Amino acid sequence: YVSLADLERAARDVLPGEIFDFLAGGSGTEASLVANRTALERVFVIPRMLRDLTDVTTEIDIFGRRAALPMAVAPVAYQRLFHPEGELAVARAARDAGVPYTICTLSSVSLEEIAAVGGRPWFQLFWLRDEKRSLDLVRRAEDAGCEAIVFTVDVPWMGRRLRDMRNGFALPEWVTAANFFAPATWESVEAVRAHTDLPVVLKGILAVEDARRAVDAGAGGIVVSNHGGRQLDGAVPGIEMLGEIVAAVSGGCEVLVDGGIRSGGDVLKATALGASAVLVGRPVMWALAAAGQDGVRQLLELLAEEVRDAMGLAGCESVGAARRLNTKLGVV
């Protein structure tokens, strides 16, 4: 594999069509799904030359741990849909690559099993039917050694997935929500923040004022995201809000972005727009479908190579230097 698109082609060959569509699809007309890619394609980096590249490092410190790249595996539900080892395969490869893995509330293997793999596990939370149950789930994740709570804030309910409707898609009997909802509010965020000393990261922020409120609420981070185009069809891409959000929070929390990251060059664009790190979703599942744990390992090695290549070609010996690069919009 020499590009992430090689992995997409391999996953399409192996997966049943309805499972490929569950993974690939977005809500509605898929306008936001497509716009995540268009938005990245219109950004161009202005590289710097002739800087010292003696010790180029792709590492970052985030949520109290060193990560090998400015990236984490996004929370993706039900990973046993894509390979029999599901989340365990992905978490093992992420651990070995030094990349944080986000355990999903809707994981097909229990959070405690995935956490036992080791590595840097984060836990993605959906707000449950009441406060008490929600907080018990946070406390399970904390007791199991998860290092951040990624509270998803853009799913009062799941969006309208027309591919799933048209396919009549349902989980096979052999895939379940192994950790087993009401809409979250700012009060829910405060209940979580008071229940844990782990950093709380709000995933799905797009409005500048919501990013500011997240800092005021005590969030340790946010993920600027339209949920991979799966939630509001017509929601702006996160990459189009990122620069304005980074300026508004002015260092008050970590600012991650996701949606459409498909190369180390896209990582570099995100960092040059001010992101602390990215999440990557679909490509990790393509690699899992294609070749299991070893597939995920190969993807992460490829992304690491692409990130180091892009950083050095742009004159950046560190991720901080990449955040100081300038960009220019172009017409594609």
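Under this definition, the rigid core comprises the largest set of C-alpha atoms superposing within 1.5 Å between the forms. From 1 onward, residues are counted along the sequence shown.
>> I'd like to know which segment deviates more from the shown structure in 7 other deposited structures of this protein: 126-134 or 72-80, using C-alpha RMS over all structures and residues after a core fit.
In response: It is 126-134 whose C-alphas lie farther from the shown form in 7 other deposited structures of this protein.
> What size is the break between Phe180 and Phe181 in terms of deposited sequence residues left without coordinates: none, 1 to 3, 4 to 9, or 10 or more?
Replying inline: Missing residues, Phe180 to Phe181: 10 or more.
>> If you average the CA temperature factors as listed in the entry, which stretch comes out higher, 217-225 or 187-195?
In response: Of 217-225 and 187-195, the stretch with the higher C-alpha B-factor average is 187-195.
> Given the B-factors recorded for C-alpha atoms, which segment has the greater mean, 21-29 or 5-13?
Replying inline: Result: 5-13.
> Among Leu202, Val249, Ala93, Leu128, which residue carries the highest C-alpha B-factor recorded in the PDB entry?
Replying inline: Highest C-alpha B-factor among the listed options: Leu128.
> Going by the deposited entry, which of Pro100, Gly259, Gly118, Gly234 has the highest CA temperature factor?
Replying inline: Highest C-alpha B-factor among the listed options: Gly118.
>> Going by the CA temperature factor in the PDB record, which third of the chain does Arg230 belong to: lowest, middle or highest?
In response: Within its chain, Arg230 is a lowest-third residue by C-alpha B-factor, going by the deposited values.
> Relative to the other modelled residues in the chain, which third contains the C-alpha temperature factor of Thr105: lowest, middle or highest?
Replying inline: As the PDB entry reports it, the C-alpha B-factor of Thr105 lands in the middle third of its chain.
> Split the chain's modelled residues into thirds by Cα B-factor; is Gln79 in the lowest, middle or highest one?
Replying inline: Ranked within chain, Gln79 CA B lands in the middle tercile.
>> Please say which third, lowest, middle or highest, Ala290 falls into when its CA temperature factor is compared across its chain.
In response: Top third by C-alpha B-factor.
>> Is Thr54 in the lowest, middle or highest third of its chain when residues are ranked by C-alpha B-factor?
In response: As the PDB entry reports it, the C-alpha B-factor of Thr54 lands in the highest third of its chain.
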